[PDB]
Amino acid sequence: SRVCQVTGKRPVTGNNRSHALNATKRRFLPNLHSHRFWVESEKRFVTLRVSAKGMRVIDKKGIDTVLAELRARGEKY
Amino acid sequence: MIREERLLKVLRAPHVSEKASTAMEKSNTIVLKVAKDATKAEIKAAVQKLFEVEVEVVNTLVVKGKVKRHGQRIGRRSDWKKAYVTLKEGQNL
Amino acid sequence: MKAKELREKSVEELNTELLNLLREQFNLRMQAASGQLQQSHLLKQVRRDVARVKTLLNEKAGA
Amino acid sequence: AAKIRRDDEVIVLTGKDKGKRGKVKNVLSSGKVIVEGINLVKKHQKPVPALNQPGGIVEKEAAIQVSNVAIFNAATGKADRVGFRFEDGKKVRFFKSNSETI
Amino acid sequence: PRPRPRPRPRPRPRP
Amino acid sequence: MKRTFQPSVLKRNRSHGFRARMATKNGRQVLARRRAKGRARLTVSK
RNA sequence: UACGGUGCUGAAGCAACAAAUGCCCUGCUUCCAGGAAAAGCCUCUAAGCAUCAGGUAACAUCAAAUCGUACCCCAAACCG
RNA sequence: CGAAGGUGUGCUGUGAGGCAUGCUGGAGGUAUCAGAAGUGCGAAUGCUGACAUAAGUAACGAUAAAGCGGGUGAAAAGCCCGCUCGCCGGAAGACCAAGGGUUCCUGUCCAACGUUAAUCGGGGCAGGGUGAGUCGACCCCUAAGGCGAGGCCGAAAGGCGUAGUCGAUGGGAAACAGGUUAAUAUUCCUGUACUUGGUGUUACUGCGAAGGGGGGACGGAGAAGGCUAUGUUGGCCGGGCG
RNA sequence: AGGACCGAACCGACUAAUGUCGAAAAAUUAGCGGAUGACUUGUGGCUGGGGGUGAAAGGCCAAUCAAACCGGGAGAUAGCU
RNA sequence: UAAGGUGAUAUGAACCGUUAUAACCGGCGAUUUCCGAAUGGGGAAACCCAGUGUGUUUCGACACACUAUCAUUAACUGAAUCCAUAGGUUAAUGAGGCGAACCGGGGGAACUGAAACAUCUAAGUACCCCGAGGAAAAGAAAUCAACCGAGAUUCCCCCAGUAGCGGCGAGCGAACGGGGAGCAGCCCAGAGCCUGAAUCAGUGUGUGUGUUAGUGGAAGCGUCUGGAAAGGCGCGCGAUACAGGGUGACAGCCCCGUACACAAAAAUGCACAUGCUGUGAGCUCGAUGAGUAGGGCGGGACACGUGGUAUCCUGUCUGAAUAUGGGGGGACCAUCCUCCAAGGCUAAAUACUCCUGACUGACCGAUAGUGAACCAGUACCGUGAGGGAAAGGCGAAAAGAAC
């Protein structure tokens with residue numbers, strides 16, 4: 001499914017309000033991408049389906065630090 | 001071992017009928033009710049020991065229970081299997 | 001016959017219930033089906049005492 | 001726990017046989033006692049083909065409720081109620097109204 | 001207890 | 001005429017049989033409704 | 001002969017012709033529209049094992065388990 | 001020494017109603033004053049159950065067709081047997097598959113079923129009958145297709161899909177003749193056979209894969225030949241000469 | 001050779017009659033068209049409800065189809081009877 | 001506990017017993033075929049086919065145990081490139097599924113009303129899915145209030161159909177505060193001193209108490225009618241017991257019972273005390289939650305439909321300060337007040353009843369009451385999901401009719 005690895009962002013529902021205020025049920029989708037990040041610990045590449053904002057969490061943190069929470073949550077990175 | 005213990009439960013009842021009586025004098029075959037989950041080797045080994053006679057071959061068939069009616073209740077007889085155990089020339093019973 | 005079979009040896013009382021099946025339990029089942037067994041209470045009690053030894057057989061062996 | 005047992009000489013308190021006596025033959029699980037000489041019913045018994053031909057109008061003993069009878073005291077010459085006590089190691093019945101031990 | 005085939009309808013007209 | 005019901009035991013069990021019902025989530029919920037209602041004949045089987 | 005049927009005995013038991021939609025024939029010819037799959041079976045070796053184990057021929061012996069098997073089945077037994 | 005309910009009678013009030021009592025019935029009912037309604041049915045093509053109506057009227061379900069004698073029985077057009085007539089006969093005959101599930105066979109009965117009766121029946125009750133190494137199913141494999149370790153995807157449910165795994169309507173090993181039961185028979189009996197595995201003995205020998213190769217393994221249509229099943233004729237045998 | 005011809009099985013239903021509380025909730029009788037192919041049929045599957053499928057009639061989807069059936073919103077609503 | 005029993009239709013036969021190993025009741029154990037999460041593989045459920053390891057009378061051929069998937073951990077192996085990983089094998093633990101309602105979360109209509117209908121309402125309702133407990137959720141202020149003060153959350157009544165929201169239409173609808181039930185506060189982001197000091201958790205013992213079998217348990221006759229009396233009459237008794245049912249018509253003294261007084265070999269619920277283990281005290285000095293608050297675009301929830309709209313959450317893009325700092329006090333600015341976010345746990349008052357025990361009903365008396373008082377979700381209908389009946393009464397006792 002469309003679930004971010006780091007942030008955990010999942011699609012949410014809302015209304016597609018028009019100019020006449022007609023409510024139509026839509027779905028907001030996260031900006032997920034399949035990016036492979038270089039990890040200096042294992043000297044390899046780890047591919048993840050993270051969001052674009054999730055990568056902003058990654059670069060401010062450590063790439064090895066964010067994988068610890070993924071390992072703690074029980075995720076196969 | 002407990003193989004002889006199983007043979008003591010295979011045999012259930014000695015069947016008797018007009019066809020079964022004719023099998024005795026002409027065909028030299030005993031007809032007797034056996035267990036539902038009884039194989040030909042199990043039936044043969046039971047008659048070999050428990051009856052002290054020589055078994056040549058055993059032919060089995062499953063009798064379907066007839067749907068009876070006890071008044072207004074719709075019942076059904078329990079299914080059973082009969083065996084056609086053929087003896088040899090030196091038969092006793 | 002709860003106590004008359006309790007302290008008997010394991011394979012000794014094993015031979016009895018294996019004999020139980022070798023006798024009446026199987027003999028009276030042949031006679032009752034042939035219309036020769038007059039008594040009917042014998043078939044009930046023989047089924048009961050076979051269950052009595054097998055309960056003691058499991059009780060003596062192991063737990 | 002039974003106030004009236006098998007071989008107890010009882011007296012009928014209520015029914016067509018009020019005042020008559022007799023010992024109980026048996027008691028059923030439904031609280032019904034069977035006393036001879038009390039409930040004589042003229043049953044029109046059909047002769048069964050099986051090995052006996054009684055025929056006739058037989059004279060059986062019908063069951064009556066245990067509450068309509070009480071054990072005869074045989075000392076006061078009248079009906080007597082019964083209780084339960086522990087005079088010996090077992091539970092035994094004891095009389096009332098000039099209580100004795102049964 | 002079943003209904004009936006209903007009476008056969010006539011060809012309906014117009015203005 | 002050809003009647004709408006042409007019986008076949010193989011096609012009956014493949015469609016509405018027990019294992020067919022248990023093969024899906026919604027078929028299992030059918031059995032829950034039948035067991036809640038206490039119907040004796042659960043599915044079409046032997 | 002209970003008169004339903006049962007027991008015993010029993011001759012000839014060949015030739016010619018015709019002849020199939022059935023067989024040879026999963027054949028032959030022709031045509032285009034070009035006409036399932038895998039298993040059983042035969043053979044070859046790999047990894048491995050060769051005094052072995054296995055394979056072939058002959059003989060003897062054992063086993064072939066379980067279930068269906070009654071009756072209607074173009075119909076008063078199936079569906080209507 | 002007889003409640004309620006039911007069924008009649010006599011009184012009684014403007015009225016909804018009330019009182020008494022004959023009979024049945026058989027053990028509950030309830031004064032007066034207050035309170036609460038699932039509180040009063042003729043209708044809603046109202047619902048349930050019962051009974052009329054048309055009416056003893058149509059109809060008794062292919063116009064293949066019955067006639068007679070004897071038997072059984074309380075009762076015979078319908079049951080049994082015998083003698084004639086008619087119908088199908090590429091079926092209205094005989095075997096299966098599917099679908100039914102004892103309807104099969106025997107003894108016994110006519111309360112209900114049979115569009116009539118019925119000692120009759122696929123109707124009721126009781127008993128019996130279904131015998132496989134060679135038939136089929138099971139099993140080896142597989143088409144369409146289903147499920148699907150992992151894997152991909154999807155808010156969840158779940159969807160797709162690899163290995164694999166199932167899935168015949170297909171491909172793989174083998175028995176025929178005669179006889180016999182009230183009902184089973186290439187299954188039971190007799191005669192004569194066949195196939196696949198295990199074990200043991202002897203004699204030779206290199207054996208050995210989820211692997212390669214062969215084979216399995218295949219379309220429509222048409223024509224010819226040799227045959228056979230089978231039929232006809234002649235001969236032979238038995239009986240007959242009406 | 002033939003989406004060749006006549007014509008049985010088989011498939012289908014053009015005409016007329018009967019039948020219309022029928023033998024039958026579309027059948028029978030007497031004639032009909034195809035009948036080696038775009039044929040028919042058995043068995044086992046796949047495609048489903050705003051969807052499937054349709055040599056196309058808005059036909060079929062279990063005797064019900066201009067939106068199948070069952071259950072639930074739901075005792076929808078009804079200025080009408 | 002026991003002199004009676006071998007469940008019922010449903011007799012019968014053959015028996016087991018009578019003061020005790022008959023039967024019955026309860027506690028603790030054994031057995032517990034097959035299907036079904038089904039779990040060795042497969043499959044049309046109660047079926048088929050196995051493999052491995054042990055134990056065994058005729059190689060005959062049997063008996064037992066194990067072998068499903070996923071998650072976590074451990075061990076042994078182990079590629080494409082050396083190391084290493086992916087992957088593979090084995091071992092241990094847990095889960096899988098079912099269940100009426102309550103709870104939380106992820107999705108989420110329309111019929112209807114507005115006398116039409118699109119904003120809105122219906123309604124975050126029906127329904128689908130996931131998850132957990134006996135209650136669940138929340139929960140100890142970057143909270144309210146007002147510049148007086150109150151101090152966690154949850155539930156009830158006012159506040160109030162008020163202030164407001166709203167094609168300002170239909171309709172939606174607070175808060176502040178007060179009165180009540182119940183009130184319990186704590187831990188980490190960290191070092192030192194002191195270390196087991198409160199604290200809970202897991203297992204034993206002791207005591208109290210309850211449950212699962214049970215025991216004792218009071219008191220009346222005569223007579224009349226009547227089939228039979230409990231009913232009439234007459235004279236007595238008990239009552240911490242006329243609650244109730246049965247008994248040939250309405251019984252306090254006929255019985256089962258009731259009040260009351262007692263009882264547990266064994267298994268446990270609960271309450272403490274206490275043994276052992278884990279767990280962590282108390283003090284000082286710090287630290288004090290960043291892609292977070294906030295902002296832009298588009299939504300959602302707050303009674304608040306973007307309106308002057310405060311507040312929170314979120315899809316995307318950005319993005320501080322950090323306790324001499326920041327949030328809130330309903331556009332927004334200044335002053336004051338108050339609190340401290342971006343880390344967590346938590347009993348009570350609160351909701352429901354698949355089920356069990358006792359009790360009650362100005363509820364029904366068989367077309368009513370649950371669909372089903374009678375072996376009813378049964379017969380029957382439909383391929384299927386599903387739909388769904390009708391059917392109570394002899395008699396006191398069968399004494400149910402010999403002949």
# chains A, B, ... in the order shown; residues from 1 in each chain; ligands from 1
call {"tool": "residues_around", "arguments": {"residues": "stretch 20-24 of chain B", "least_positions_apart": "2", "cutoff": "12 Å", "atoms": "only C-alpha atoms (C1' of nucleotides)", "output": "ChimeraX atom specification"}}
result
/B:14-18,26-33,82-89,91-93 /H:128-129,131,180-181,188-189
call {"tool": "select_by_dssp", "arguments": {"residues": "stretch 15-53 of chain C", "states": "alpha helix (DSSP H)", "output": "PyMOL selection string"}}
result
chain C and resi 15-22+24-33+41-53
call {"tool": "closest_atom_pairs", "arguments": {"of": "chain G", "to": "chain B", "cutoff": "12 Å", "atoms": "only C-alpha atoms (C1' of nucleotides)", "output": "Markdown table"}}
result
| residue | atom | partner | partner_atom | distance |
| --- | --- | --- | --- | --- |
| G:63 | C1' | B:41 | CA | 10.8 |
| G:65 | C1' | B:39 | CA | 8.1 |
| G:66 | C1' | B:39 | CA | 8.2 |
| G:67 | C1' | B:62 | CA | 9.3 |
| G:68 | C1' | B:62 | CA | 9.9 |
| G:69 | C1' | B:61 | CA | 8.9 |
| G:70 | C1' | B:63 | CA | 10.1 |
call {"tool": "residues_around", "arguments": {"residues": "residue H:149", "least_positions_apart": "4", "cutoff": "10 Å", "atoms": "only C-alpha atoms (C1' of nucleotides)", "output": "ChimeraX atom specification"}}
result
/H:162-164 /J:69
call {"tool": "write_last_selection", "arguments": {"atoms": "N, CA, C and O atoms (P, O5', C5', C4', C3', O3' and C1' of nucleotides)", "output": "PDB file, in the first residue's frame"}}
result
ATOM      1  P     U H 162       1.892 -17.744 -12.210  1.00  0.00           P
ATOM      2  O5'   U H 162       3.346 -17.859 -11.571  1.00  0.00           O
ATOM      3  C5'   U H 162       4.466 -17.265 -12.210  1.00  0.00           C
ATOM      4  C4'   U H 162       5.748 -17.587 -11.488  1.00  0.00           C
ATOM      5  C3'   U H 162       5.928 -19.036 -11.068  1.00  0.00           C
ATOM      6  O3'   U H 162       6.344 -19.886 -12.122  1.00  0.00           O
ATOM      7  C1'   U H 162       6.481 -17.632  -9.260  1.00  0.00           C
ATOM      8  P     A H 163       5.821 -21.405 -12.174  1.00  0.00           P
ATOM      9  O5'   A H 163       6.527 -22.105 -10.927  1.00  0.00           O
ATOM     10  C5'   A H 163       7.898 -22.471 -10.983  1.00  0.00           C
ATOM     11  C4'   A H 163       8.501 -22.644  -9.610  1.00  0.00           C
ATOM     12  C3'   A H 163       8.192 -23.955  -8.906  1.00  0.00           C
ATOM     13  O3'   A H 163       9.041 -25.004  -9.335  1.00  0.00           O
ATOM     14  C1'   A H 163       7.875 -22.150  -7.405  1.00  0.00           C
ATOM     15  P     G H 164       8.418 -26.380  -9.875  1.00  0.00           P
ATOM     16  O5'   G H 164       8.018 -27.157  -8.546  1.00  0.00           O
ATOM     17  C5'   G H 164       6.736 -27.745  -8.407  1.00  0.00           C
ATOM     18  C4'   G H 164       6.036 -27.252  -7.167  1.00  0.00           C
ATOM     19  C3'   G H 164       4.676 -27.869  -6.889  1.00  0.00           C
ATOM     20  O3'   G H 164       4.779 -29.129  -6.251  1.00  0.00           O
ATOM     21  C1'   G H 164       4.552 -25.519  -6.630  1.00  0.00           C
TER      22        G H 164
ATOM     23  P     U J  69       5.418 -24.998   6.783  1.00  0.00           P
ATOM     24  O5'   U J  69       4.717 -23.568   6.773  1.00  0.00           O
ATOM     25  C5'   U J  69       3.969 -23.130   5.648  1.00  0.00           C
ATOM     26  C4'   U J  69       3.171 -21.894   5.970  1.00  0.00           C
ATOM     27  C3'   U J  69       3.945 -20.765   6.633  1.00  0.00           C
ATOM     28  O3'   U J  69       4.680 -19.980   5.711  1.00  0.00           O
ATOM     29  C1'   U J  69       1.932 -21.129   7.812  1.00  0.00           C
TER      30        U J  69
END
call {"tool": "select_by_dssp", "arguments": {"residues": "stretch 14-64 of chain A", "states": "strand (DSSP E or B)", "output": "list in words"}}
result
residues 14, 15, 25, 26, 27, 28, 32, 33, 34, 35, 36, 37, 38, 39, 44, 45, 46, 47, 48, 49, 50 and 51 of chain A
call {"tool": "write_last_selection", "arguments": {"atoms": "C-alpha atoms", "output": "PDB file, in the first residue's frame"}}
result
ATOM      1  CA  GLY A  14     -11.548  14.345   2.089  1.00  0.00           C
ATOM      2  CA  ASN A  15     -14.049  16.377   0.109  1.00  0.00           C
ATOM      3  CA  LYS A  25     -15.303  12.076  -1.561  1.00  0.00           C
ATOM      4  CA  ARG A  26     -11.682  12.159  -2.747  1.00  0.00           C
ATOM      5  CA  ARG A  27      -8.415  10.723  -1.424  1.00  0.00           C
ATOM      6  CA  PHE A  28      -5.197  12.616  -0.712  1.00  0.00           C
ATOM      7  CA  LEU A  32       5.978   8.438  -2.050  1.00  0.00           C
ATOM      8  CA  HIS A  33       9.107   7.487  -3.978  1.00  0.00           C
ATOM      9  CA  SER A  34      11.359   4.429  -4.206  1.00  0.00           C
ATOM     10  CA  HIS A  35      14.742   5.930  -3.334  1.00  0.00           C
ATOM     11  CA  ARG A  36      17.824   3.894  -2.415  1.00  0.00           C
ATOM     12  CA  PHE A  37      19.912   5.540   0.305  1.00  0.00           C
ATOM     13  CA  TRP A  38      23.609   4.904   0.868  1.00  0.00           C
ATOM     14  CA  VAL A  39      24.375   3.660   4.389  1.00  0.00           C
ATOM     15  CA  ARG A  44      25.589  -0.804   0.809  1.00  0.00           C
ATOM     16  CA  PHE A  45      22.361   0.667  -0.574  1.00  0.00           C
ATOM     17  CA  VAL A  46      18.978   0.352   1.150  1.00  0.00           C
ATOM     18  CA  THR A  47      15.899   0.993  -0.986  1.00  0.00           C
ATOM     19  CA  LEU A  48      12.844   2.446   0.762  1.00  0.00           C
ATOM     20  CA  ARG A  49       9.390   3.668  -0.257  1.00  0.00           C
ATOM     21  CA  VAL A  50       9.570   6.950   1.629  1.00  0.00           C
ATOM     22  CA  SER A  51       7.726  10.223   1.119  1.00  0.00           C
TER      23      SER A  51
END
call {"tool": "residues_around", "arguments": {"residues": "stretch 40-47 of chain C", "least_positions_apart": "6", "cutoff": "12 Å", "atoms": "only C-alpha atoms (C1' of nucleotides)", "output": "NGL selection string"}}
result
(:C and (1 or 17 or 19-33 or 53-54)) or (:J and (6 or 13-16))
call {"tool": "closest_residue", "arguments": {"among": "B:71, B:13, B:36, B:4", "to": "chain H", "atoms": "only C-alpha atoms (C1' of nucleotides)"}}
result
B:71
call {"tool": "atom_distance", "arguments": {"atom1": "atom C1' of residue J:143", "atom2": "atom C1' of residue J:340"}}
result
10.8 Å
